[PDB]
């Protein structure tokens, strides 16, 4: 529309959301993945994940301070996807591909799942 577009604004916001997370500022949830914990902002989690969207949009689960992921979710894969959520950068490699794809399916991250598929299809 008529409005002036700032092509760098969305990435600048995300960069500052990542800094808040690295500074533990206004984080409101702890995600427990086996023997590891990850603090995050529910608004970001919802924005990036069908699983977290379906949890927090429900008034019954909205005020939860702790989420325990299913015991078979690997912390490595969760960490890679949480970083992705806050950076737009996906660290796919040969040693993590299966763990990441499986974690993205669980988190309901369709674009990441399809990218994990293009990766297997390539080289």
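Numbering follows the first chain given and starts at 1.
- Per the PDB record, of the two stretches 96-104 and 18-26, 96-104 carries the greater mean B-factor over its C-alpha atoms.
- The PDB entry reports B-factors from which the mean C-alpha value can be compared for 38-46 and 73-81; the larger average falls on 73-81.
- In this PDB entry, the Cα temperature factor of residue 67 sits in the middle third of its chain's modelled residues.
- For residue 31, the recorded CA temperature factor ranks within the lowest third of the chain's modelled residues.
- Ranked by Cα temperature factor within the chain, residue 51 sits in the lowest third according to the deposited record.
- For residue 59, the recorded CA B-factor ranks within the highest third of the chain. Only modelled residues enter the ranking.
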